[PDB]
């Protein structure tokens, strides 16, 4: 069986590719290497260094390989970049998604599994925590708006053509191979600086709460979504909130760092609190996180140590 993974040279995408290759699937990867890395690529997967926005190239790839599943992880996934360049962000995040969906219909993809966001989608005025999928989205960043837009388009393709889909709204994803710019980029920033004995900056009062989910658990959610959760949106998170101050403290103890953080003015657009309810994924996908924040951070620190 052929499977297409977009964004497969990236952080989460390369872990998804590895797992699929392990399980014996034929994997085709499309990635333009804008933020992904050649070193992340699996030598067993077929690789096209192309952009998902390129209609003629996507036409070619789908026509040759007719993937039965598409795991769509390719995105401009830095919130700050989306703010500085909203049109460019949307070209990748919305238009690129639409190109893939148009080809998916034309070439009979069975199911499309979309990586979306929980933290950037619910908005800044949520009252229910941990937050369920029944809360109406109110995204405030171009990245979150783009992701929500694409979720609506997915429902259109399902209604119009019968395409099956699953949307996975990840919480803050961290672990080996992550760069410092994604939704949990702070894990990498803190880890690399602490291991190098450099100064660490915290924005505002550090009391911003996030839901940190380990990459291996996110990968498992993707694979469970192959045969379960048709035409459903799922939060993928831990339901446990951690402040930046708490995260700093945990990484400090693990790394042996012995300096205090330096507090800086708050950044624009920083949502105060994000914690996801994964009850739905538990009930319908059979998914629960297996890796505690303590264990995940130790595995992450170990990866960065080896890099040094």
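Numbering follows the first chain given and starts at 1.
> Comparing average C-alpha B factors as deposited, tell me which of 12-20 and 292-300 sits higher.
Of 292-300 and 12-20, the stretch with the higher C-alpha B-factor average is 292-300.
> Check the entry's C-alpha temperature factors for 242-250 and 66-74, then say which stretch has the higher mean.
If you average the C-alpha B-factors of 242-250 and of 66-74, the larger mean comes out for 242-250.
> In this PDB entry, which of 195, 236, 81, 219 has the top CA B-factor?
Of the candidates given, the C-alpha B-factor peaks at 195.
> Highest CA temperature factor in the entry: which of 86, 185, 108, 139?
Highest C-alpha B-factor among the listed options: 108.
> Using only modelled residues of the chain, where does the Cα B factor of residue 151 rank: lowest third, middle third or highest third?
Lowest third.
> Sort the modelled residues of this chain by their C-alpha B factor and say whether residue 257 lands in the lowest, middle or highest third.
It falls in the top third of the chain.
> Please place residue 263 in the lowest, middle or highest third of its chain according to the CA B-factor in the PDB entry.
For residue 263, whose C-alpha B-factor we compare with every modelled residue in the chain, the answer is the highest third.
> Among all modelled residues of this chain, ranked by Cα B factor, put residue 208 in the bottom, middle or top third, i.e. lowest, middle or highest.
Middle third - that is where residue 208 ends up once the chain's C-alpha B-factors are sorted.
> Should residue 271 be placed in the lowest, middle or highest third of its chain by the C-alpha B factor in the entry?
For residue 271, whose C-alpha B-factor we compare with every modelled residue in the chain, the answer is the highest third.
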